[PDB]
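Just the one chain here, the form deposited in one PDB entry, laid out as structure tokens.
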């Protein structure tokens, strides 16, 4: 009738107050939820320093940040791929090898172990071109022929291959003169013998 309509009205209003009440709560936590998630992500995400994006300064503090699980970047001129310690490791091993081989070279040269002129120890004979052919050693240079000195007298026999020195030459030149002098007195005695 008339008081009927009014209770119906107060009834709906009551439900409305309750539904508003209820909905405030749901909306609140929904808002709070997404905010907490956004804040968590922001706290963890890696970022460009600014809108230009030409730099990322990592947030690990003065120690720095390790970045790991980096797939081997292409190693080529003009390549803009990050490289990892394993790729750097490979390079270092070849540089270490080079460093050693360089050292070995220097050592072998001084130890008389490589090259045409070698010596197997500090008391061994020095050999020259021992594993190679040819029949001539030539010691001439841009100023002409060279004297070969420090030569120890060589063996003097029928098949000796020792070089002979200035001293041994002298001994030969001494008997020659001796011969000639003795030919001189042989010739003067022949001359006096004739007079008589």
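Residue numbers count along the first chain shown, from 1. Throughout, rigid core stands for the largest set of C-alpha atoms superposing within 1.5 Å between the two forms.
Student: With respect to the recorded C-alpha B factors, which stretch has the higher mean value, 42 to 50 or 145 to 153?
Tutor: Averaged over C-alpha atoms, the B-factors run higher in 145 to 153.
Student: State which stretch shows the higher mean Cα B factor in the entry: 4 to 12 or 187 to 195.
Tutor: Taking the mean B-factor of the alpha carbons in each, 187 to 195 is higher.
Student: Could you check 121, 73, 85, 78 and tell me which one carries the biggest Cα B-factor in the deposited entry?
Tutor: It is 121.
Student: Please rank the C-alpha B-factors of the chain's modelled residues and tell me whether residue 162 sits in the lowest, middle or highest third.
Tutor: Middle third by C-alpha B-factor.
Student: Place residue 61 in the lowest, middle or highest third of its chain's C-alpha B-factors, as listed in the PDB entry.
Tutor: According to the entry, residue 61 has a C-alpha B-factor in the chain's highest third.
Student: Consider only the C-alpha atoms of the modelled residues in this chain, order them by B-factor as the entry records it, and name the third containing residue 117: lowest, middle or highest.
Tutor: For residue 117, whose C-alpha B-factor we compare with every modelled residue in the chain, the answer is the middle third.
Student: When the deposited Cα B-factors of this chain's modelled residues are ordered and cut into thirds, is residue 171 in the lowest, the middle or the highest one?
Tutor: Highest third.
Another form, the form deposited in another entry, is not on view; read the next lines as being about it.
Student: Which single residue of 44, 66, 29, 145, after superposing the core, moves its CA by 2 Å or more between the shown form and the other one?
Tutor: Residue with a C-alpha shift of 2 Å or more: 29.
Student: Kindly check if the Cα atom of residue 57 is displaced 2 angstroms or more between the shown form and the other one relative to the superposed rigid core.
Tutor: Moves: no, less than 2 Å.
Student: Answer yes if the Cα of residue 171 shifts by 2 angstroms or more between the shown form and the other one on a rigid-core superposition, and no otherwise.
Tutor: Shift at residue 171: 2 Å or more after core fit.
Student: When the rigid core is used for the superposition, does residue 128 move between the shown form and the other one (threshold: C-alpha shift of 2 Å or more)?
Tutor: Comparing forms between the shown form and the other one, the residue 128 CA shifts below 2 Å.
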